[PDB]
Every structure is written in C-alpha cells, then in structure tokens.
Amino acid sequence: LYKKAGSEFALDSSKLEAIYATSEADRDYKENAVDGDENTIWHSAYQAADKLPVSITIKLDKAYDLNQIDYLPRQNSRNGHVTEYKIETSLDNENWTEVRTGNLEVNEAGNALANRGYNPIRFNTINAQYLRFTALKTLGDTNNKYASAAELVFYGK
C-alpha cells in the first residue's frame, strides 16, 4: 500500500517549510523536521511542566494532492519517538480537515519505535498546502511528554 522514498510522488524537501510548532528545545528547531537531513531533528520543549499534545505545521510551496507522509524518528536516541499521531490538512492554515489518527509500532522493550527508519502513513488523497502533525503519545526517558522528528517526507502531486 505504501510508496517508498524513490517514488515519483515523493516531494523534495525544498518544497516544504515548517511554519509553526507548539514548542522547540535547544537547537532542535521546527525547520529541522523538513530539511531532508536525517541527522537534524525538531524536538519539543522538555521542562517539567511541558506535556503532550504538541504539533508541527508544514507549509508546502503550493497545494498538492497528498496521500502519504513518512515519519522518520530520531536516529541517535529514542527521546521523542512518536507512537500515536493525528494528521490534519488545510488550504489556508486556518480551516482544518481531520484526515486521520494512528499508531506506530514500538519495539519489544518498549523504548523505541520498532521501525527505526521511515514509518509510512497513508491516507485518502486530499488537496492541501498545510499539514499539521500532532504527537499524542511518545517515548523518552520520560514517556508522553515531548516529541521529536528527524524528517517528515511528503507524497503527492
């Protein structure tokens, strides 16, 4: 059911701009989520009072008919691995359509995602220039408090 990175429908990261996130920690800025770089991450704030849900909004250079994104978890640490998510899209960054929710498989020990690479998330084709990705449950030294993402990969035309 899933496309892979080499699909003709995979959008280049240059077509993406992170325009908002609930919070950002350290130098793990929102833009790091869509820079095509597996080594950089967006990470939400992780002070004692910080908690879920958190979200990040990606703006595309124009509207696309989207039907998949891949979530790439942090490569060097499980901190912020997203295990339950929501996807919303819009044409105007104001009026959102709820596209889907879902879960990502966790490893046996329950400390990291089972798939440490690109985790595909499919959905019925929807025309969108903005996508809001919300982390509802996450893993970490403390679970369910902060989220991270190394990449979000978009598929559409």
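Counting begins at 1, following the sequence as shown.
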{"item": "Stretch with the greater mean C-alpha B-factor as recorded in the entry, comparing 109-117 against 60-68", "value": "109-117"}
{"item": "Given 100-108 and 85-93, the range whose Cα B-factors average higher in the PDB entry", "value": "100-108"}
{"item": "Per the PDB entry, maximal CA B factor within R122, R132, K30, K51", "value": "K51"}
{"item": "Third of the chain, ranked by Cα B-factor, where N143 sits", "value": "highest"}
{"item": "Within-chain third of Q47 by Cα B-factor, per the entry", "value": "highest"}
{"item": "Assigned third (lowest, middle, highest) for the C-alpha B factor of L136", "value": "middle"}
{"item": "Record-listed C-alpha B factor of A21: chain third", "value": "middle"}
